[PDB]
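Visitor: Protein chains in written order, with full-length UniProt numbering: chain V, 1064 to 1256; chain B, 50 to 51, 54 to 145; chain P, 961 to 1014; chain S, 195 to 197, 213 to 242; chain G, 23 to 368; chain X, 30 to 364; chain Z, 30 to 364.
No residue lacks a Cβ here, since even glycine has one placed at the ideal position from N, Cα and C.
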Amino acid sequence: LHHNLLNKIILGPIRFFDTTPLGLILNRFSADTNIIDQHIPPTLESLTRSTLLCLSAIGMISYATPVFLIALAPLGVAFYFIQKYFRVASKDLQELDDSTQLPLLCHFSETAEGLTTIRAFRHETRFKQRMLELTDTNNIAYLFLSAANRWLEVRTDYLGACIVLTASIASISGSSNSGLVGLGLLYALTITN
Amino acid sequence: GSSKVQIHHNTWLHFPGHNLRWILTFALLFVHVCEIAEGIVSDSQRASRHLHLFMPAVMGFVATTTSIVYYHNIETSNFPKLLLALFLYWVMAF
Amino acid sequence: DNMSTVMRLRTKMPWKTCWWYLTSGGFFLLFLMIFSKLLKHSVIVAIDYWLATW
Amino acid sequence: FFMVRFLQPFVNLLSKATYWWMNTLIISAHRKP
Amino acid sequence: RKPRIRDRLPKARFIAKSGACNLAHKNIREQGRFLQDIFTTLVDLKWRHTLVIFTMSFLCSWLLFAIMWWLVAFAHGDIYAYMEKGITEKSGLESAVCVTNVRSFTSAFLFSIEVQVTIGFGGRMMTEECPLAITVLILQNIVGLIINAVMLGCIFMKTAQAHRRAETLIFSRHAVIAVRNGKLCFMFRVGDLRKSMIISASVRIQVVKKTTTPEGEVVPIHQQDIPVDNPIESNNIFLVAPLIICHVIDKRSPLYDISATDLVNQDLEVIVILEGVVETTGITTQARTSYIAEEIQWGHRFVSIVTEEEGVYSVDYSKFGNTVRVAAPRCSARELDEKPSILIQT
Amino acid sequence: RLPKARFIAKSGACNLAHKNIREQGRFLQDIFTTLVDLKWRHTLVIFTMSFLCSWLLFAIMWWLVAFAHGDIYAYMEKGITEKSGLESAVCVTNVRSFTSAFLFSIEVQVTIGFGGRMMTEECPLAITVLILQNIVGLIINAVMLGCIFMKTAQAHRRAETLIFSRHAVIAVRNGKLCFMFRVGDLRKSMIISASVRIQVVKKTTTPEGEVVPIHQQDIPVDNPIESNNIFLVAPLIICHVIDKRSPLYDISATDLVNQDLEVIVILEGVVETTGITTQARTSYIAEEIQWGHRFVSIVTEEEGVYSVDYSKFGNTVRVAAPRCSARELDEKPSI
Amino acid sequence: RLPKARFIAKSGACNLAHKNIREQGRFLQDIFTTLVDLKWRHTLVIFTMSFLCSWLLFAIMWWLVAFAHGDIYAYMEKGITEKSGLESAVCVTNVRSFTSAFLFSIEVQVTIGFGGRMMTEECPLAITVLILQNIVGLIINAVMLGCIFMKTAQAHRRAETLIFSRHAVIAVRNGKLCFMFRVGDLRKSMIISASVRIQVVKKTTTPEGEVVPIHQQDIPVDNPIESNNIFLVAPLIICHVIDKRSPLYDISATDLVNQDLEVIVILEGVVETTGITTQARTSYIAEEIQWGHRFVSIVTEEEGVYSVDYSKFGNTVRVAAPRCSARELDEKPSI
Ligand SMILES: Nc1ncnc2c1ncn2[C@@H]1O[C@H](COP(=O)(O)OP(=O)(O)OP(=O)(O)O)[C@@H](O)[C@H]1O
Ligand SMILES: Nc1ncnc2c1ncn2[C@@H]1O[C@H](COP(=O)(O)OP(=O)(O)OP(=O)(O)O)[C@@H](O)[C@H]1O
Ligand SMILES: Nc1ncnc2c1ncn2[C@@H]1O[C@H](COP(=O)(O)OP(=O)(O)OP(=O)(O)O)[C@@H](O)[C@H]1O
Ligand SMILES: [K+]
């Protein structure tokens, strides 16, 4: 990113740069470089490890028990759909959070910034009347964002419970050897989380 | 599915004895689980997978969950005629 | 702003971008990275299988 | 026609948890974000 | 537009650009949802759901009456009479097996299928002993014919409504205001995509605004019509190619007051409702659009979309809302109308 | 005492007698039309009764047929095992009693046809009865399928649910007397190409000495282009300017009380959901018109989207309005 | 030598051509809509093709199905019954051939059911395919039945047959010009609330630069109450006078020989028995109208009753006429 980003914008006209705003360019230089240095690599690494481990555990539990191959069609497909659902829902919620905090802090920037101009402008007490809405106007969105993550976990939790029942039936059904059933049940309990 | 008001803001759960029905039905489901359970234990002891004990019970657990789901749906969507059908069903088991 | 496209682009944007992201960062990811990750995971799975076998 | 003490919150807590308030929005937040 | 950003909710949008009636009714006397309502929902389902409900209904009926038959072949002391393997079936003839050769619930289910869908494999017939079985057979056939008829009616009615695909009537996403033929004119573009014509077409343009009255009353959402300015005063319109439906305003219509600066703060909203019956279907359709103040790009003029090809005219649909900003007078709605001494305020 | 009957009952349903009308008789086409237009609670009964009666009647005929050829007579006197009975000219194998013949019917008509009951070609009477039974079965089946489908098809519509305001208001508007009532909606699909009409019905004479006991005098609904059509998605107030050319000119609040008069309001349109024409009506009588009670606004301004209400539909706040005539209204406009 | 492109071809059938229409798409359900409205030739083949396909497909699902459960072998190796008793595990009794399997297939999806091929309850997959075959058979049967009923429902409406005369005329009635076509009718039932509209299509520049390319004015027709309704039993002559207000007011004796005019006429209305809306369109280009000859009488009072004659539907005779324009004839009395 470092060699390429600088390389792209050095050789250009002042007209466009003075026509489009500077702030967006400064943001593109700072926030995105911070994200890619700090945020994208760990996110990708964590996602790959989690995805691969979930796939590996599902694969293990299906090899160790033949019925799982048929049994595993519906539930994961539903999980696929639910995944996409969250894959958008909370995205929108994050956008909401991304803006919900912009004005309220600036308000506390303002009332303080008017250190003496609003001190005795006779509108001081009415200022709380409006302030007490913004705080709520932000914490309401906060709880909604939290709730979206919670809903995913609850749905995931019930999905995980279903898998366990299946594996348990399969284990009593399998009964190949103690090693096989032990590995299968333990890996199902692992994949639960 | 079939001029319309809010889905759940005001009409969360207004029906007769709403707190009580769920309170009991849960107990019925637990009792059914024990009955299965009892059979589930009993079946190993008996000679050739006799299923009188276990299934009568399995069907009952499934039916009880289904009954509860119909009351909840009948509750969110006001349709008091429905609940009449469920009452006759509760009276054919007694 | 481009609401019709945004609806069409509601999700499933990442693959082309991420591919630009990864390829630049990683050449021969399939064996150097990808291969190492797959080997480690399969090794852990084989550890479990060996524990079952023992 | 044309148209007692038992009060507590355990029952709401026991069978109405973490899946209802945003249920409609979470399934179908399409073009109405 | 940060004020508008915080004013995203404060907005005079009576009908959404899609066409729905964005409103809110409350405090109404909802008598209930009587039974027949559910049946109507059965008619208006989609194919996947209709097929599912169809198959599920048939299978539920079959299984249920199979369970009943199983009980029946139990109580008559029939299953035991068969289970006696002293011979192939030693005393199974005289005992009057209530239903011939019904051995277990699977077999009874095969019999249920065989008796409801009129297959009748003959290997297992009702006999002349048990009246209860005859009662259940009569009940089976009556319920079978009613369910068959109702499901057939459902499938047919989803077939006979295959003419309806979707309403496709297209407006210029924006309005336009200009000067034509010497006076101020209001415009809009209307086009159609369906090959079929629209017979007995008509349009109506209405202004929705909050009004005041000299007597003192205020009507919150006031509607008033406006002429549609055709040559001989008639709300008819022929629609082969798309056109420009211009409701020019003189005095009676509420456009005398319009000032160019005021449009941002303007409270009037234009609504267009047109309707007609489709020639090859027989259904009366009605399409509605909303022209909010933010979408009225004043001063423009519309573009031309008709070209001579080789022997047959060609028409574009890409250039619908594209306009060339022909110069026009400003705020002349009263100035030009209430003619000054020049009588040519433009 | 009994007031002269309104040419229109409040809910509609014009209640007028009809005497000395020559009878048009009846036709069986009418019985069929009565059948199609039933309601479920009787369709699912007449249908079942037709089927059960059909089966029983044909079973009786079958029993007679198996009686004449002596099918029953041969079967009953049976020896040990079976030598005499099977080989002789039975007409319908294995029918030997009523219940058996009943089962044979229920196996023939409804098309089950198991096979224990086979029919041979030795008794022409049996062939004619079979043909007749099958034809009757097909005709009954076809007509009942038609009826059930017709209900499943035309049950996309429901009872006419249109609500007019309870009362009417004589008010002031634009510095003139005016007439107002409210017309709303509870249905879903907006009426298409709706129209409204207002008719004053009162006994009138004619200067050449002739009376007409219930006249009808259409009267103009106010509109900026005089168009009877009207858009409706929220409750409206269908107004009525009053002028010396309009038939209400000669009434003040003092003379309203003991006055013979009426107003009938009929509005019509085609519902698009059911694709079917419909018209609804109301009628206001002399005592039902609260003078001066100008109507109370309903539509408010909620933040994102407007909103309406229905509990306060007929709230009539009252304001000062002249208690005088309309001719005198323009006679003395001084103050 | 090509004709300048005409907006509506002489035989109705508006010949416009708009492209770059955003391809809406090809809805998955569209085949069904196309399927409903086919020539009877096809809906008597797609029926046979669908049935025969489904039968053969389930038969193959079936001959093989008999083989897998051991059915083919028991019968073949020894005698069916002489040497040995049944294996008793036959999935469907006596199902010998991939011919026999096909024959069996006919019973399940056609509801006939002979009996010599029973369904035992051992092989569960057999029960699964029985459920599936029966469901598919019912769905196909219902869809085909609905298609056949739709194409028997639309056997009443056939085609618009409203005949305009070949070309127009232009003559004088009451010292003023006119313009006439000759509408008419063919079948028994009259039209209801039939309406007529005359539109002139022209290229109109504007004194403010704008030039509407193909612009369509509406012009009034003649009637003593200025109402566009009409009621036809014998062909009428719907004039539409030309005056200072009219646009044809600038036509000329020589200029009509090379002119840009397009007088479309549209006629709307329903048909009583079918109760279906309809409309008909046609035209008159510059080449087609020849001045000065009025049409010829039709209705003749025979001895018994009126007679309408078609032998001279479009016959013409010349008559006195001045060659000036509309504004010329009314320009001055002496003019
Ligand atoms: N060829 C076409 N195909 C489909 N829709 C069209 C076409 N031309 C115009 N429209 C419709 O007309 C409306 C407004 O079109 P407008 O005159 O604004 O052209 P536009 O600016 O290209 O429209 P948009 O911005 O919606 O693409 C749009 O909603 C669009 O759906
Ligand atoms: N909120 C509402 N819900 C349903 N119908 C209403 C409502 N408001 C008015 N109406 C209809 O308008 C008519 C006149 O109603 P009005 O406001 O006079 O109430 P009312 O007649 O005094 O009391 P009620 O409506 O109980 O008879 C009534 O017939 C009613 O059907
Ligand atoms: N007997 C008729 N039945 C139906 N249509 C007729 C009849 N006679 C003439 N027409 C109509 O006249 C139109 C043109 O007729 P055609 O040119 O074939 O004969 P023509 O005598 O040359 O013309 P026209 O009959 O108009 O004078 C056609 O649209 C046709 O419908
Ligand atoms: K139809």
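Quick one: which residues of the stretch 104-128 of chain G get their C-beta closer than 9 Å to a C-beta of chain B? List them in chain order.
Guide: Residues passing the 9 Å Cβ filter: none.
Visitor: Specify whether the stretch 89-96 of chain G and the stretch 120-134 of chain G touch according to this definition: at least 3 beta carbon pairs, one from each stretch, less than 8 Å apart.
Guide: Yes: at least three Cβ pairs fall under 8 Å.
Visitor: In chain Z, what lies closer than 9 Å to G:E301 by C-beta?
Guide: Correct list: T306, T307, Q308.
Visitor: Count the other CB atoms, across all protein chains shown, that sit within 10 Å of the CB of Z:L161; report buried if there are 16 or more and exposed otherwise.
Guide: The residue is exposed, with fewer than 16 neighbouring Cβ atoms inside 10 Å.
Visitor: Using the C-alpha atoms, what's the distance from V:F1190 back to V:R1182?
Guide: Distance between the alpha carbons of V:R1182 and V:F1190 is about 11 Å.
Visitor: Let me know if X:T233 comes out buried or exposed under the rule of 16 or more other beta-carbons within 10 Å of its beta-carbon.
Guide: Exposed, since its Cβ has fewer than 16 Cβ neighbours within 10 Å.
Visitor: With hydrogens ignored, establish whether the beta-carbon of G:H196 is closer than 7 Å to any heavy atom of ligand 1.
Guide: True, at least one ligand heavy atom lies under 7 Å from that Cβ.
Visitor: Do Z:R211 and Z:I37 come within 8 Å of each other at the CB atom, strictly closer than that value?
Guide: No, the Cβ-Cβ distance between Z:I37 and Z:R211 is not below 8 Å.
Visitor: Identify whether V:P1129 lies in helix, strand or coil by the three-state DSSP scheme.
Guide: Reduced to three states, the DSSP call for V:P1129 is coil.
Visitor: Would the C-beta of X:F342 count as close to ligand 2, meaning under 7 Å from any of its heavy atoms?
Guide: Yes, the beta carbon of X:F342 sits closer than 7 Å to at least one heavy atom of ligand 2.
Visitor: Taking only the alpha-carbon atoms, compute the straight-line gap between G:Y278 and G:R216 and give it to the nearest angstrom.
Guide: Going by the C-alpha atoms only, they are around 38 Å apart.
Visitor: Per DSSP, what kind of secondary structure is V:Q1101 in: helix, strand or coil?
Guide: Helix, per DSSP.
Visitor: If I'm right that Z:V172 touches G:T77 with Cβ under 8 Å, what's the distance once you round it to whole angstroms?
Guide: Contact flag wrong, Cβ pair sits at about 14 Å.
Visitor: For a contact meaning CB atoms closer than 7 Å, what does S:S237 contact in chain B?
Guide: Those do not exist, as S:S237 stays about 13 Å from chain B at its closest Cβ, beyond 7 Å.
Visitor: I need the straight-line Cα distance from V:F1184 to V:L1178, nearest angstrom please.
Guide: Near 11 Å, if we compare the C-alpha coordinates of V:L1178 and V:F1184.
Visitor: CA-CA distance, V:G1223 and Z:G166?
Guide: Cα to Cα, the separation comes out at about 40 Å.
Visitor: Near S:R240, which residues of its chain fall below 7 Å by C-beta distance, leaving aside the five closest residues on each side in sequence?
Guide: Closer than 7 Å at Cβ, skipping near neighbours: no residue.
Visitor: Report back the beta-carbon spacing between Z:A46 and G:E330 to the nearest angstrom; my notes put them in contact at under 8 Å.
Guide: Actually they are not in contact, since the Cβ atoms of Z:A46 and G:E330 sit about 11 Å apart, beyond 8 Å.
Visitor: Determine whether the Cβ of G:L57 lies closer than 8 Å to any Cβ atom of chain B.
Guide: It does; some Cβ of chain B falls within 8 Å.
Visitor: Is G:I254 near Z:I267, with beta carbons less than 8 Å apart?
Guide: No; because the gap between Cβ atoms is not below 8 Å, this pair is not in contact.
Visitor: Three or more C-beta pairs under 8 Å: does that hold for the stretch 280-300 of chain G against the stretch 313-326 of chain G?
Guide: A contact exists between the stretch 280-300 of chain G and the stretch 313-326 of chain G.
Visitor: Mind checking which residues open and close the alpha helix (DSSP H) that includes X:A315?
Guide: That residue, X:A315, is in no alpha helix (DSSP H); it is neither H nor E in DSSP.
Visitor: With a threshold of 8 Å between beta carbons, is Z:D100 in contact with chain G?
Guide: False, the Cβ-Cβ gap to chain G never drops below 8 Å.
Visitor: Could you check the C-alpha separation between V:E1158 and G:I364 for me, to the nearest Å?
Guide: Whole-angstrom Cα-Cα distance: 58 Å.
Visitor: To be precise: take each residue of the stretch 986-1013 of chain P, compare its Cβ to all Cβ atoms of chain V, and keep it if any distance is under 8 Å. Which residues remain?
Guide: Correct list: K997, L998, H1001, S1002, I1004, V1005, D1008, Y1009, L1011, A1012, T1013.
Visitor: In chain B, which residues lie with their C-beta within 9 Å of the C-beta of S:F215?
Guide: Within chain B, the residues near S:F215 are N70, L71, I74.
Visitor: Can you determine whether any heavy atom of ligand 3 sits closer than 7 Å to the C-beta of Z:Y339, and answer yes or no?
Guide: Under cutoff, so the answer is yes.
Visitor: Consider the C-beta atom of V:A1251 and the heavy atoms of ligand 4; say whether any pair is separated by less than 7 Å.
Guide: The answer is no for V:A1251.
Visitor: Closest Cβ-Cβ distance between G:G54 and chain Z: below 8 Å?
Guide: It does not; no Cβ of chain Z falls within 8 Å.
Visitor: I want to see whether chain S comes within less than 8 Å of V:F1142, judged by CB atoms only; does it?
Guide: Not closer than 8 Å to any Cβ of chain S, the Cβ of V:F1142 fails to qualify, so no.
Visitor: Start and end of the beta strand (DSSP E) containing Z:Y278?
Guide: From DSSP, Z:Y278 is part of no beta strand (DSSP E); its letter is neither H nor E.
Visitor: Please tell me whether, using a cut-off of 7 Å, the distance from the CB of V:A1211 to the nearest non-hydrogen atom of ligand 4 is below it.
Guide: No, ligand 4 has no heavy atom inside 7 Å of this Cβ.
Visitor: Please list, in chain order, the chain P residues whose beta carbon lies closer than 8 Å to that of V:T1083.
Guide: Within chain P, no residue comes near V:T1083; the closest Cβ sits about 16 Å away, beyond 8 Å.
Visitor: Take G:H196 and list the residues in its own chain whose beta-carbon comes closer than 6 Å to its own, dropping the five residues that flank it on each side.
Guide: Here the set comprises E317, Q319, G343.
Visitor: Tell me which residues of the stretch 58-88 of chain X have at least one Cβ-Cβ distance to chain G shorter than 8 Å, keeping chain order.
Guide: For the stretch 58-88 of chain X, which is checked against every Cβ of chain G, the residues closer than 8 Å are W69, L73, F76, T77, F80, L81, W84.
Visitor: By Cβ distance, which residues of its chain are closer than 6 Å to Z:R51, with the 5 residues on each side in sequence left out?
Guide: Result list for Z:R51: empty, nothing under 6 Å.
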